[PDB]
Each structure stands twice: as C-alpha cells, then as structure tokens.
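One chain comes next, on its own, written out as structure tokens in the form deposited without the DNA.
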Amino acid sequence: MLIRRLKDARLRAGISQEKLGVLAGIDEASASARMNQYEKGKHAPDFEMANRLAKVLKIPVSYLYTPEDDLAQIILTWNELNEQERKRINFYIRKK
C-alpha cells in the first residue's frame, strides 16, 4: 500500500489518525499509533485491513495501491461521478 495515498485520503476526509483507526475497528488505545505506523511505512496493512480503511475513507480500495498519480485521480474521481458521467466513460472505454 502507498503511504501517501492513505495519508491523502485521510486528510481529505478531515479525520485524525485515531479516529480513522477507531472507525476501522482498532482498539482506541492503539488506534493512532497503528495508523501512524501505516502512514509512516513501518507496517503494511493486509488487504482485508486496507479494505476496511478504504470503506471508512469512502474511496475505492485500489486507490491505496495506485502508484500513477493520473490513474489515482481517475480512481478517486470515478468514485464520485454521477451515473450519467460513469455511463459516458464506460461507453468511451467499450471495445478499446
């Protein structure tokens, strides 16, 4: 998982490390330390934990694993497109 993706998504949500960890199911006594460890690259979450974090942060989980900034932005944006916008992109992509 890319640490800067996790940090960015948390900053965008506007929530603290402790609050993110807590909503992700971590004992609040350890919540902030655990999140800080992930964000500093000391430990990597497993895919199951990353999915929990992504759910709390309201992002597609694969955003956290996307090294390419342009693709990351597309992922983050797709996430919030209305159904007509998604259709247009889906159609544009069809057969390509």
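Basically, rigid core = biggest C-alpha set you can superpose within 1.5 Å across the two forms. Only residues modelled in both forms are compared. Numbering starts at 1 and follows the sequence shown.
Here the subject shifts to the form solved in complex with the DNA, a form of this protein not shown in this document.
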property: Heavy atom of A29 within 4.5 Å of the DNA in the deposited complex; result: yes
property: Interface membership of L71, the DNA in the deposited complex, 4.5 Å heavy atom rule; result: no
property: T66 within 4.5 Å of the DNA in the deposited complex, heavy atoms; result: no
property: Interface membership of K40, the DNA in the deposited complex, 4.5 Å heavy atom rule; result: yes
property: Core fit, then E80 C-alpha moves 2 Å or more between the shown form and the other one; result: no
property: Segments displaced between the shown form and the other one (3 or more residues, each Cα shift of 2 Å or more, core-superposed); result: 82 to 85
